[PDB]
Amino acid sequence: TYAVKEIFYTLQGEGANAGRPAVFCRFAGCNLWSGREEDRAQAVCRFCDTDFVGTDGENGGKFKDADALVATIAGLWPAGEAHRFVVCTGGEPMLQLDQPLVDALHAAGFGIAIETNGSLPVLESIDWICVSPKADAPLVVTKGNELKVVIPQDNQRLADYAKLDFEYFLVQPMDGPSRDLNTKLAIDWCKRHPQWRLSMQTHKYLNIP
């Protein structure tokens, strides 16, 4: 059984695969924040701008098994078109994402990507693993495909992240009342340390889902 907040088909707004058509499956619930604004000030992760509470979003609901979830995901894809790709996010997807769901997605011809905070062990069979480390949280996933760090966070050892085993190293401006400020920072960082690339949240500029 799976608790999904919302399922929608759009272009990936951020990360190394920005611009790529994909179905986003946003799981409900996270392990680093309840989702309530009264808890944010003392949460482990306090800068989240995503609503992952409940199952009331678009195509959201409580799915009984993987095939029921895959059917909904596959249904959102343009008929007769290949290159099927799903992004598992939330929320923290590793709270619910299991192997039976992964096998069912691969069976449907879907490539699987995951956006995880890195505080939980991930499934190796996932095609693209994106880790976004939270500074005040433990990081148990020290290898993957891309490391997308949101800056700035206090207690952050940014240069130490480059020692990890990832193919892509990105910094992403923290959105909020200081987005433009943090963007300047991220750009300045990459230029000074060219190992890092900029991850822009393009979907917030293009105003797309």
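We number the residues from 1 along the sequence you see.
For the pair 111-119 and 68-76, the mean B factor over Cα atoms is greater in 68-76. Mean C-alpha B-factor is higher over 56-64 than over the other stretch, the pair under comparison being 56-64 and 22-30. Within the selection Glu146, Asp154, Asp160, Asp175, the deposited Cα B-factor values reach their highest point at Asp160. Highest CA B-factor among the listed residues (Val171, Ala43, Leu164, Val141): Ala43. Sorting the modelled residues of the chain by their CA temperature factor places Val102 in the highest third. Sort the chain's modelled residues by C-alpha temperature factor and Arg197 lands in the lowest third, per the entry.
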